[PDB]
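Engineer: PDB entry and its sequence, pasted below:
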Amino acid sequence: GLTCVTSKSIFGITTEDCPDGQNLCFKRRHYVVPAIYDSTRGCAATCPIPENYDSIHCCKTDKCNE
């Protein structure tokens, strides 16, 4: 199925063959402190709605959420 990054960091890269009915990848950008942003990634059925002043990018190709 669609492949997405479910984790990316100084400890490496996790990639998942997405559960059926999840044909979207997402990458959330979250401000923790002034110059520091936590990124979160995964597969989803629908694009998650951003909160906390976050921004979220959603896309539909393999590992598009790098």
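Structural biologist: Nice, I can see it. Residues are numbered from 1 along each chain as shown.
Engineer: where exactly do the strands run in this structure?
Structural biologist: 3-9, 12-17, 24-33, 36-44, 55-59 (DSSP state E).
Engineer: nearest to residue 65, of the ones you listed?
Structural biologist: Of all the strands of the chain, strand 24-33 sits nearest to residue 65, with 3.8 Å by C-beta to C-beta. C-beta coordinates here come from the backbone N, C-alpha and C atoms, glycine included.
Engineer: right, and residue 3 touches residue 14 too?
Structural biologist: No. Judged on C-beta atoms under 8 Å, residue 3 makes no contact with residue 14 at a distance of 11.1 Å.
Engineer: Okay, the residue sitting nearest the centre point of the chain and residue 34: tell me how far apart.
Structural biologist: For the chain, residue 41 is the residue whose C-alpha lies nearest the centre (C-alpha atoms, centre = their mean; 2.2 Å). As for residue 41, its distance to residue 34 is 23 Å (criterion: C-beta to C-beta, to the nearest Å).
Engineer: related to what we said a few turns ago, can you add distance to residue 65 and give the strands of the chain back as a markdown table?
Structural biologist: A markdown table is the format used below for the strands of the chain (distance: least, C-beta to C-beta, whole Å):
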| stretch | distance to residue 65 |
| --- | --- |
| strand 3-9 | 5 |
| strand 12-17 | 10 |
| strand 24-33 | 4 |
| strand 36-44 | 5 |
| strand 55-59 | 6 |
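Engineer: Can you tell me which of those strands is nearest to residue 66?
Structural biologist: strand 3-9 (5.7 Å).
Engineer: What are the buried residues along that closest one?
Structural biologist: For strand 3-9, the buried set under the neighbour-count rule, 16 or more other C-beta atoms under 10 Å, comprises 3, 4, 5, 6, 8.
Engineer: Test my guess that the second one contacts residue 60.
Structural biologist: No. Counting by C-beta under 8 Å, residue 4 does not reach residue 60; the two are 9.9 Å apart.
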